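Q: Before anything else, here's the structure in question.
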Amino acid sequence: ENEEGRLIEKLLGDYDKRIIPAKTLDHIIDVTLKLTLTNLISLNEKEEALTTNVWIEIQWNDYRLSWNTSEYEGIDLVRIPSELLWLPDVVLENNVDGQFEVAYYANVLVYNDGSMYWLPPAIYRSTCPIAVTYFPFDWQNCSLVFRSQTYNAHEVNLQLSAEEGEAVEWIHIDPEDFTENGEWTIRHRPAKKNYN
Amino acid sequence: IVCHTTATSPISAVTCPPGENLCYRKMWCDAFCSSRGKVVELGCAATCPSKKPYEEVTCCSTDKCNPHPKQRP
Amino acid sequence: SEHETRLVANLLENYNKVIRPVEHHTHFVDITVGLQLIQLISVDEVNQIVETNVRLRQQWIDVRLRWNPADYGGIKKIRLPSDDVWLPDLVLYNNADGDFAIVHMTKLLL
Amino acid sequence: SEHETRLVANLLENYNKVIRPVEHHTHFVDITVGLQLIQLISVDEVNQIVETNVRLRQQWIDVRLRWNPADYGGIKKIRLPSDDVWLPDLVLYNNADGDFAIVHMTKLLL
Amino acid sequence: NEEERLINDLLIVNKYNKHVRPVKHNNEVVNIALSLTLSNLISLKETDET
Amino acid sequence: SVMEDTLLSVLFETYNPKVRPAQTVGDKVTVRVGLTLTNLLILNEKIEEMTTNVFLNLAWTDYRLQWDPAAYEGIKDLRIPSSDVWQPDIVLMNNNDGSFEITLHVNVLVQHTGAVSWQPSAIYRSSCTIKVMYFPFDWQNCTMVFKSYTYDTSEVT
Ligand SMILES: *[C@@H]1O[C@H](CO)[C@@H](O)[C@H](O)[C@H]1NC(C)=O
């Protein structure tokens with residue numbers, strides 16, 4: 001009799017995934033995302049498209065999925081499929097194809113305080129224009145632009161992750177389990193919040 | 001010697017065979033650098049393995065120098 | 001929010017996404033259409049095909065989707081899914097080899 | 001079969017597939033994984049990608065899906081669909097451009 | 001809206017089944033008239049024969 | 001047709017399509033597998049692939065889909081969506097893509113005896129080994145293997 005069922009059926013009962021979890025008016029959902037490059041697959045100079053396999057880590061808080069561990073035998077962490085929850089529609093806008101969304105809709109780790117850790121992997125065909133001038137001795141500045149195509153800034157506040165109180169203003173790359181592409185070498189990998 | 005080793009599940013305090021009496025501890029954070037923290041490798045060694053720019057090694061000569069950072073020797 | 005949950009439950013309770021939003025079948029629903037061009041992806045001069053990335057802005061009123069904010073905590077906007085409400089079937093007549101209508105069921109502002 | 005119909009109704013009655021198959025949340029699910037390689041389709045040396053046709057054999061126990069054969073006519077095996085029961089989120093980490101998880105349900109054996 | 005009442009009296013009230021041919025007796029035929037309008041001829045790739 | 005609605009309501013009250021029809025525990029279902037070739041499209045030898053447009057011709061007996069036509073205005077045969085009846089997972093195993101199942105889910109033909117005929121269509125991409133010794137003066141075998149993915153001899157014949 002997994003105590004996680006009692007809990008999940010209590011939470012998802014009286015839960016609408018269409019509804020932003022704003023506790024009240026005036027409340028902006030602080031959505032914290034972080035990118036992890038797994039493979040650089042291609043930069044088709046003809047199509048002018050960069051192909052990447054990334055694990056993007058979305059983090060946010062849903063006040064509706066909070067509970068008291070004492071009532072559930074100490075359970076502080078539950079996995080709920082993302083198809084059942086409200087998610088911020090964080091997408092790749094600078095895509096050439098129409099794949100705005102992620103590839104694998106992984107489960108969302110839900111903590112007792114309402115914290116949500118979603119680590120969905122994605123395969124993105126971005127658009128980055130080429131600078132042919134010095135081809136083939138060229139370096140390209142290819143961007144991945146992430147924004148919510150549903151919610152605005154009065155609703156969600158996109159921000160970068162804060163690990164150890166310092167902002168993660170860069171793409172994370174495992175120095176041991178990262179295979180360099182074969183034609184393209186990564187020199188810089190910054191990340192900044194931009195406003196139009 | 002009595003070293004802590006990650007070559008078991010769960011972690012164990014096992015004594016090293018003859019030839020290795022240096023308890024080492026490698027650490028480095030991979031793609032899960034945030035949700036989990038740095039990796040933790042522990043065990044036995046005859047000589048302190050090499051170090052790379054991203055690693056964080058600590059080898060000793062005593063018993064149980066290399067506990068998980070969330071424990072004590 | 002409890003308010004927005006209650007609101008979205010009471011707005012879609014007796015709502016049929018199959019009927020136009022009109023008080024009488026004779027009247028029309030005016031849809032303000034707008035195209036936002038983002039990038040020109042390709043031009044096949046052989047197949048005579050132009051490939052573009054666009055946003056099809058559409059505005060219209062749904063008389064069945066009204067509410068008083070005073071009774072719902074001051075709410076004046078929500079972000080309903082698009083498969084939940086009536087939508088116009090805007091089709092690209094001069095479509096070549098792609099999709100005629102919209103297939104990305106993005107949320108809408110109400 | 002009528003026995004198997006009543007059984008498939010009684011198994012999935014109050015069964016939730018979002019919850020791990022464990023009598024207690026402290027226990028673990030032991031999934032015996034196996035890989036059956038069928039053919040090597042391609043080795044892209046440029047993009048460094050290898051296509052393989054594999055069968056990802058997976059075995060585990062769901063104590064919520066146990067029954068007494070004497071009460072169902074001697075049935076000891078059925079072929080439930082995968083989408084109807086809990087499945088482990090096995091994922092190919094070093095996936096380049098394909099699917100990270102399994103996308104073919106392919107009814108399982110119970 | 002009159003359409004809301006009608007589309008109910010047709011599909012739900014009268015228990016319309018969409019997996020049944022529109023015939024009073026299962027011995028009549030449903031005549032389907034189909035035409036074809038060519039909007040545009042995109043290709044005749046001779047290599048793929050399509 | 002009102003008799004068709006009534007008959008369908010009757011048949012599918014307690015009918016579950018996840019369940020293999022065995023009127024008696026231990027029986028096997030007999031599935032007849034034929035193939036109608038409509039076009040051999042391509043036999044690309046660079047990837048060892050074979051593309052065809054075929055109709056599978058499947059036939060089996062479901063003891064649950066029986067009725068007396070005298071009680072239903074002489075209805076001796078029904079056309080029923082394939083998703084509503086039990087069908088065996090007859091698939092192309094030797095595919096080169098990952099498309100085991102058929103493409104077009106035409107509706108089955110059910111007779112009052114329980115005889116279910118399904119003639120679905122598929123653009124199948126099968127793998128065949130190419131013998132590169134006498135190319136282009138070559139002859140290829142290029143089979144198409146068919147079986148139920150999940151049901152075995154103990155279950156279907
Ligand atoms: C959690 O539940 C227990 C009852 O098991 C109760 O005693 C305790 O006060 C609760 N904690 C909070 C923070 O409400």
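Q: Counting partner chain Cβ atoms within 10 Å of every residue's Cβ in E:17-25, what's the average? Don't jump to the answer; show the numbers that get you there.
A: Values: counts 6, 1, 10, 10, 3, 1, 2, 3, 7.
The per-residue average across the peptide is 5.
Q: Calculate, for F:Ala70 and F:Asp5, the FRET efficiency according to 1/(1 + (r/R0)^6) with r their C-beta to C-beta distance and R0 22 Å; round to the nearest 0.05. Don't skip to the end; give the middle numbers.
A: Working: r = 18 Å, r/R0 = 0.81.
Using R0 = 22 Å, I get an efficiency of 0.75.
Q: Could you compute the FRET efficiency for B:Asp63 and A:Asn152, with r as their C-beta to C-beta distance and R0 at 60 Å, rounded to 0.05? If you can, show how the numbers build up before the last one.
A: Numbers: r = 60 Å, r/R0 = 1.00.
It comes out at approximately 0.50.
Q: Kindly provide the helix-only [θ] at 222 nm of the protein assembly as shown, computed as the sum of -39,500 (n - 2.57) over DSSP H runs of four or more divided by all residues, to the nearest 500 deg cm²/dmol? Write down the numbers at each step before the final one.
A: Numbers: 5 runs with 49 residues, N = 696.
After summing the helix terms and dividing by residue count, I get -2000 deg cm²/dmol.
Q: Mind listing the phi-derived Karplus ³J(HN,Hα) values for segment F:12-21, rounded to whole Hz, using 6.51, -1.76 and 1.60 with θ = phi - 60°, and x for any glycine or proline?
A: My calculation for segment F:12-21 gives 9, 4, 10, 6, 10, x, 6, 9, 6, x Hz in order.
Q: With respect to the symmetry axis carrying chain C onto chain D, which residue of chain C exhibits the smallest Cβ distance to that axis, and what is the value in whole Å?
A: Reported as residue, whole Å: C:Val103, 10.
Q: Please order B:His4, C:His24, E:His19 by the number of other Cβ within 10 Å, starting at the fewest.
A: With the sparsest Cβ surroundings first, the list reads C:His24, E:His19, B:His4.
Q: While we're on this one: Measure out, as a whole number of angstrom, how far apart the alpha-carbon centroids of segment C:73-104 and segment D:1-34 sit.
A: Centre-to-centre (Cα) distance: 39 Å.
Q: Let me ask something else. Please name which of C:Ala9, E:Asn8, F:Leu92 has its Cα lying farthest along the dipole of the protein assembly as shown towards the positive end, using unit charges on Cβ (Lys, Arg +1; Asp, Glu -1) and the Cα centre as origin.
A: Farthest towards the positive pole: C:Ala9.
Q: Can I ask one more? Under a plain spin-label model, where a point goes 7 Å from the Cα along Cα-to-Cβ, how far apart in nm are F:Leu109 and F:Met133?
A: Result for the modelled spin labels: 4.4 nm.
Q: Over all distinct Cα pairs, what is the inverse of the mean 1/r for chain B, reported as the Kirkwood hydrodynamic radius in Å?
A: The Cα-based Kirkwood calculation yields 12.5 Å.
Q: Distances in nm, one decimal, shortest first, from D:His24 to the same residue in every other copy, taking the label point 7 angstrom along Cα→Cβ.
A: Result for D:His24, in nm, nearest copy first: 7.2.
Q: Ok, one more. So, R0 is 60 Å and r is the distance between the beta-carbons of D:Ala70 and E:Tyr16; what FRET efficiency does that work out to, to 0.05?
A: Calculated transfer efficiency: 0.85.
Q: Subtract the Cα-Cα distance of D:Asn10 and D:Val43 from 0.36 nm times their separation in residues, and report this length gain in nm to one decimal.
A: Full-extension gain reported as 7.1 nm.
Q: Could I ask something else about it? With the cut-off at 25 Å, tell me which of the pairs A:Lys23/B:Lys70; D:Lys107/F:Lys147; B:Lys26/B:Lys70 have Cα atoms farther apart than that.
A: From A:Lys23/B:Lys70; D:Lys107/F:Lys147; B:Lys26/B:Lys70, over 25 Å: A:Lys23/B:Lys70.
Q: Where does chain C land on the Kirkwood hydrodynamic radius, alpha-carbon pairs, in angstrom?
A: For chain C, inverting the mean 1/r across all distinct Cα pairs yields 16.6 Å.
Q: Where does each of B:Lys26, A:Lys23, C:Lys76 land when they are ranked from fewest to most other beta-carbon atoms within 10 angstrom?
A: Values: B:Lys26 23, A:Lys23 14, C:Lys76 9.
Exposure proxy ranking, most exposed first: C:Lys76, A:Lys23, B:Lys26.
Q: Residue by residue through segment A:66-77, which ³J(HN,Hα) values in whole Hz follow from phi under the Karplus form 6.51 cos²θ - 1.76 cosθ + 1.60 (θ = phi - 60°), with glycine and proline marked x?
A: 9, 7, 10, 4, 4, 7, 9, 6, x, 4, 10, 8
Q: Can you work out ³J(HN,Hα) from phi for every residue in segment E:32-46, in order, using Karplus 6.51 cos²θ - 1.76 cosθ + 1.60 and θ = phi - 60°, giving whole Hz and x for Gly and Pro?
A: Couplings: 10, 8, 10, 10, 9, 10, 8, 6, 6, 9, 7, 7, 9, 2, 7 Hz.
Q: Which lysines have a Cα lying under 21 Å from the Cα of E:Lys24, excluding residues fewer than 8 positions away in the same chain?
A: Qualifying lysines at Cα under 21 Å: E:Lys15, F:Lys76.
Q: In degrees, nearest 10, range 0 to 90: what is the angle between the Cα axis of helix D:2-11 and the longest Cα principal axis of chain D?
A: Helix D:2-11 sits roughly 70 degrees off the main axis of chain D.
No lab work stands behind these numbers, since they all come straight from the coordinates. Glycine also receives a Cβ, built like all others from the backbone with ideal geometry; neighbour counts cover every protein chain displayed.
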